[PDB]
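J.: The following file, run_30.pdb, comprises PDB, C-alpha atoms (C1' of nucleotides):
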```pdb
ATOM      1  CA  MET N   1     -15.713  17.562  13.582  1.00  0.00           C
ATOM      2  CA  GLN N   2     -14.028  16.959  10.207  1.00  0.00           C
ATOM      3  CA  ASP N   3     -14.173  13.623   8.363  1.00  0.00           C
ATOM      4  CA  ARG N   4     -10.895  12.938   6.536  1.00  0.00           C
ATOM      5  CA  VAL N   5     -10.936  10.806   3.373  1.00  0.00           C
ATOM      6  CA  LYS N   6      -8.578   7.829   3.146  1.00  0.00           C
ATOM      7  CA  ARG N   7      -6.922   6.969  -0.186  1.00  0.00           C
ATOM      8  CA  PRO N   8      -8.359   3.985  -2.134  1.00  0.00           C
ATOM      9  CA  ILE N   9      -6.407   0.757  -1.547  1.00  0.00           C
ATOM     10  CA  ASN N  10      -4.628  -0.874  -4.516  1.00  0.00           C
ATOM     11  CA  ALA N  11      -4.990  -4.397  -5.961  1.00  0.00           C
ATOM     12  CA  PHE N  12      -2.491  -5.793  -3.402  1.00  0.00           C
ATOM     13  CA  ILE N  13      -4.415  -4.954  -0.227  1.00  0.00           C
ATOM     14  CA  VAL N  14      -7.769  -6.000  -1.741  1.00  0.00           C
ATOM     15  CA  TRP N  15      -6.148  -9.357  -2.557  1.00  0.00           C
ATOM     16  CA  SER N  16      -4.245  -9.455   0.751  1.00  0.00           C
ATOM     17  CA  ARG N  17      -7.261  -8.619   2.964  1.00  0.00           C
ATOM     18  CA  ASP N  18      -8.997 -11.749   1.650  1.00  0.00           C
ATOM     19  CA  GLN N  19      -5.809 -13.827   1.325  1.00  0.00           C
ATOM     20  CA  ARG N  20      -4.467 -12.573   4.683  1.00  0.00           C
ATOM     21  CA  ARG N  21      -7.473 -13.932   6.620  1.00  0.00           C
ATOM     22  CA  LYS N  22      -7.221 -17.339   4.894  1.00  0.00           C
ATOM     23  CA  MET N  23      -3.500 -17.527   5.662  1.00  0.00           C
ATOM     24  CA  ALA N  24      -4.354 -16.723   9.295  1.00  0.00           C
ATOM     25  CA  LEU N  25      -7.099 -19.380   9.438  1.00  0.00           C
ATOM     26  CA  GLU N  26      -4.803 -21.981   7.835  1.00  0.00           C
ATOM     27  CA  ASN N  27      -1.682 -20.587   9.570  1.00  0.00           C
ATOM     28  CA  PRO N  28      -2.942 -19.340  12.977  1.00  0.00           C
ATOM     29  CA  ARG N  29       0.660 -19.563  14.253  1.00  0.00           C
ATOM     30  CA  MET N  30       2.165 -17.437  11.451  1.00  0.00           C
ATOM     31  CA  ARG N  31       2.644 -13.752  12.286  1.00  0.00           C
ATOM     32  CA  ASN N  32       1.427 -11.049   9.890  1.00  0.00           C
ATOM     33  CA  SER N  33       5.006  -9.936   9.173  1.00  0.00           C
ATOM     34  CA  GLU N  34       5.875 -13.430   7.931  1.00  0.00           C
ATOM     35  CA  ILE N  35       2.581 -13.752   6.037  1.00  0.00           C
ATOM     36  CA  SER N  36       3.234 -10.404   4.322  1.00  0.00           C
ATOM     37  CA  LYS N  37       6.559 -11.827   3.130  1.00  0.00           C
ATOM     38  CA  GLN N  38       4.867 -15.007   1.819  1.00  0.00           C
ATOM     39  CA  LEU N  39       2.032 -13.025   0.186  1.00  0.00           C
ATOM     40  CA  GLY N  40       4.524 -10.835  -1.699  1.00  0.00           C
ATOM     41  CA  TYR N  41       6.262 -14.032  -2.839  1.00  0.00           C
ATOM     42  CA  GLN N  42       2.980 -15.636  -3.995  1.00  0.00           C
ATOM     43  CA  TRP N  43       1.686 -12.375  -5.517  1.00  0.00           C
ATOM     44  CA  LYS N  44       4.796 -12.085  -7.741  1.00  0.00           C
ATOM     45  CA  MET N  45       4.033 -15.650  -8.910  1.00  0.00           C
ATOM     46  CA  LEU N  46       0.553 -14.683 -10.160  1.00  0.00           C
ATOM     47  CA  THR N  47       0.220 -14.278 -13.946  1.00  0.00           C
ATOM     48  CA  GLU N  48      -1.075 -11.092 -15.597  1.00  0.00           C
ATOM     49  CA  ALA N  49      -4.285 -12.959 -16.541  1.00  0.00           C
ATOM     50  CA  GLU N  50      -4.665 -14.147 -12.932  1.00  0.00           C
ATOM     51  CA  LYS N  51      -3.951 -10.646 -11.587  1.00  0.00           C
ATOM     52  CA  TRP N  52      -6.091  -8.897 -14.242  1.00  0.00           C
ATOM     53  CA  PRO N  53      -9.349  -9.602 -12.275  1.00  0.00           C
ATOM     54  CA  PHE N  54      -7.682  -8.136  -9.149  1.00  0.00           C
ATOM     55  CA  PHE N  55      -6.593  -5.122 -11.241  1.00  0.00           C
ATOM     56  CA  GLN N  56     -10.130  -4.615 -12.580  1.00  0.00           C
ATOM     57  CA  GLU N  57     -11.727  -4.768  -9.113  1.00  0.00           C
ATOM     58  CA  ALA N  58      -9.218  -2.346  -7.566  1.00  0.00           C
ATOM     59  CA  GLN N  59      -9.959   0.029 -10.433  1.00  0.00           C
ATOM     60  CA  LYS N  60     -13.677  -0.235  -9.563  1.00  0.00           C
ATOM     61  CA  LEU N  61     -12.797   0.684  -5.961  1.00  0.00           C
ATOM     62  CA  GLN N  62     -10.868   3.653  -7.383  1.00  0.00           C
ATOM     63  CA  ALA N  63     -13.860   4.761  -9.493  1.00  0.00           C
ATOM     64  CA  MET N  64     -16.320   4.280  -6.616  1.00  0.00           C
ATOM     65  CA  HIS N  65     -13.954   6.303  -4.422  1.00  0.00           C
ATOM     66  CA  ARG N  66     -13.742   8.895  -7.208  1.00  0.00           C
ATOM     67  CA  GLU N  67     -17.538   9.046  -7.387  1.00  0.00           C
ATOM     68  CA  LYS N  68     -17.602   9.925  -3.677  1.00  0.00           C
ATOM     69  CA  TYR N  69     -14.856  12.564  -4.060  1.00  0.00           C
ATOM     70  CA  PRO N  70     -14.448  13.384  -7.796  1.00  0.00           C
ATOM     71  CA  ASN N  71     -12.329  16.475  -7.011  1.00  0.00           C
ATOM     72  CA  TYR N  72      -9.993  14.657  -4.602  1.00  0.00           C
ATOM     73  CA  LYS N  73      -6.220  14.905  -5.117  1.00  0.00           C
ATOM     74  CA  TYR N  74      -3.467  12.768  -3.617  1.00  0.00           C
ATOM     75  CA  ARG N  75      -1.081  15.166  -1.834  1.00  0.00           C
ATOM     76  CA  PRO N  76       1.837  13.298  -0.193  1.00  0.00           C
ATOM     77  CA  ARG N  77       4.050  14.879   2.466  1.00  0.00           C
ATOM     78  CA  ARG N  78       7.467  15.361   0.828  1.00  0.00           C
ATOM     79  CA  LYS N  79      10.603  15.705   2.972  1.00  0.00           C
ATOM     80  CA  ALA N  80      12.214  19.152   3.167  1.00  0.00           C
ATOM     81  CA  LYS N  81      14.156  18.596  -0.092  1.00  0.00           C
ATOM     82  CA  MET N  82      16.230  21.511  -1.449  1.00  0.00           C
ATOM     83  CA  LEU N  83      19.155  20.474  -3.682  1.00  0.00           C
ATOM     84  CA  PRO N  84      21.904  23.065  -4.491  1.00  0.00           C
ATOM     85  CA  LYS N  85      23.136  23.441  -8.101  1.00  0.00           C
TER      86      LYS N  85
ATOM     87  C1'  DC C   1      10.718  11.054 -20.252  1.00  0.00           C
ATOM     88  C1'  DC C   2      12.791   8.825 -16.138  1.00  0.00           C
ATOM     89  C1'  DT C   3      13.514   8.054 -11.058  1.00  0.00           C
ATOM     90  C1'  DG C   4      12.171   8.294  -5.990  1.00  0.00           C
ATOM     91  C1'  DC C   5       9.239   9.097  -1.964  1.00  0.00           C
ATOM     92  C1'  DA C   6       4.719   8.930   0.581  1.00  0.00           C
ATOM     93  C1'  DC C   7       0.664   6.445   2.041  1.00  0.00           C
ATOM     94  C1'  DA C   8      -3.246   2.601   2.101  1.00  0.00           C
ATOM     95  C1'  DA C   9      -4.888  -2.044   5.433  1.00  0.00           C
ATOM     96  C1'  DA C  10      -4.497  -6.486   8.623  1.00  0.00           C
ATOM     97  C1'  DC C  11      -2.626  -9.414  12.833  1.00  0.00           C
ATOM     98  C1'  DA C  12       0.583 -11.560  16.525  1.00  0.00           C
ATOM     99  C1'  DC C  13       3.387 -10.252  20.346  1.00  0.00           C
ATOM    100  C1'  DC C  14       4.634  -7.427  24.698  1.00  0.00           C
TER     101       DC C  14
ATOM    102  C1'  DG R   1      -1.483   0.738  21.763  1.00  0.00           C
ATOM    103  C1'  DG R   2       2.706   0.333  19.231  1.00  0.00           C
ATOM    104  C1'  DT R   3       5.837  -2.546  16.389  1.00  0.00           C
ATOM    105  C1'  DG R   4       7.144  -5.199  12.075  1.00  0.00           C
ATOM    106  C1'  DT R   5       5.851  -6.656   7.276  1.00  0.00           C
ATOM    107  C1'  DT R   6       4.100  -6.619   2.142  1.00  0.00           C
ATOM    108  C1'  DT R   7       2.787  -4.328  -3.001  1.00  0.00           C
ATOM    109  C1'  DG R   8       0.482  -0.848  -5.917  1.00  0.00           C
ATOM    110  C1'  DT R   9      -0.609   4.039  -7.128  1.00  0.00           C
ATOM    111  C1'  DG R  10       0.173   9.103  -7.680  1.00  0.00           C
ATOM    112  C1'  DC R  11       2.946  13.420  -7.692  1.00  0.00           C
ATOM    113  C1'  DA R  12       7.343  16.150  -7.908  1.00  0.00           C
ATOM    114  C1'  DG R  13      11.994  17.226  -9.714  1.00  0.00           C
ATOM    115  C1'  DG R  14      15.614  17.483 -13.289  1.00  0.00           C
TER     116       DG R  14
END
```
So, in terms of structure tokens, how does the structure I just supplied come out?
T.:
Amino acid sequence: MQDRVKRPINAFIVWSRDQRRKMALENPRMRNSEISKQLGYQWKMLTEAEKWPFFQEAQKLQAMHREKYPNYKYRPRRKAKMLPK
DNA sequence: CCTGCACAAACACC
DNA sequence: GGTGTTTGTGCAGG
């Protein structure tokens, strides 16, 4: 059995996992797809100083993830792309 | 140096 | 279970 490692989540999911639950408790009738749209709208309204703390914590998650797999590399699946010249 | 694609998680509805 | 939705981060190509 092989255990695959998942990439660290950025400052938006960290913020959205906590903010998503609150929006579901206060808006139990709102669907996640509509909440996602409202969260993106509210997140773009946050100031750099307000987002800084969320940037610092996500970076800690990235370092803690790095401490678990310091030699990890992000390797995305690119689409068969061959451009003629 | 600049631009574009891939990939992460959570919940309601059928 | 699969679908539909969001932003941030990293790597590849020209």
J.: Give one line per residue of chain N that approaches chain R to at most 8 Å, naming the two atoms of the closest pair and their distance in Å to one decimal, counting all atoms listed in the file; sort by chain then ascending residue number and deliver it as a Markdown table.
T.:
```
| residue | atom | partner | partner_atom | distance |
| --- | --- | --- | --- | --- |
| N:10 | CA | R:8 | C1' | 5.3 |
| N:11 | CA | R:8 | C1' | 6.5 |
| N:12 | CA | R:7 | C1' | 5.5 |
| N:13 | CA | R:7 | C1' | 7.7 |
| N:32 | CA | R:5 | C1' | 6.8 |
| N:33 | CA | R:5 | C1' | 3.9 |
| N:34 | CA | R:5 | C1' | 6.8 |
| N:35 | CA | R:5 | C1' | 7.9 |
| N:36 | CA | R:6 | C1' | 4.5 |
| N:37 | CA | R:6 | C1' | 5.8 |
| N:39 | CA | R:6 | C1' | 7.0 |
| N:40 | CA | R:6 | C1' | 5.7 |
| N:74 | CA | R:10 | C1' | 6.6 |
| N:75 | CA | R:11 | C1' | 7.3 |
| N:76 | CA | R:11 | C1' | 7.6 |
```
J.: Compile the residues of chain N that lie within 8 Å of chain C, evaluated using all atoms listed in the file, and express the compilation as a ChimeraX atom specification.
T.: /N:6-10,13,17,20,30-32,76-78
J.: Quick check, in Å to one decimal: how far apart do atom CA of residue N:44 and atom CA of residue N:27 lie?
T.: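 So the two atoms, atom CA of residue N:44 and atom CA of residue N:27, lie 20.3 Å apart.
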J.: Any idea what the distance is between atom CA of residue N:62 and atom CA of residue N:18?
T.: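 Computed distance, atom CA of residue N:62 to atom CA of residue N:18, equals 18.0 Å.
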J.: As an exercise, work out the distance from atom CA of residue N:59 to atom CA of residue N:25 in Å and give it to one decimal place.
T.: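 About the pair atom CA of residue N:59 and atom CA of residue N:25: they are 27.9 Å apart.
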J.: Return as lines of an AutoDock Vina configuration file the box centre and box size in Å, one decimal, for an axis-aligned box around all listed atoms of chain R padded by 8 Å per side.
T.:
```
center_x = 7.1
center_y = 5.4
center_z = 4.2
size_x = 33.1
size_y = 40.1
size_z = 51.1
```
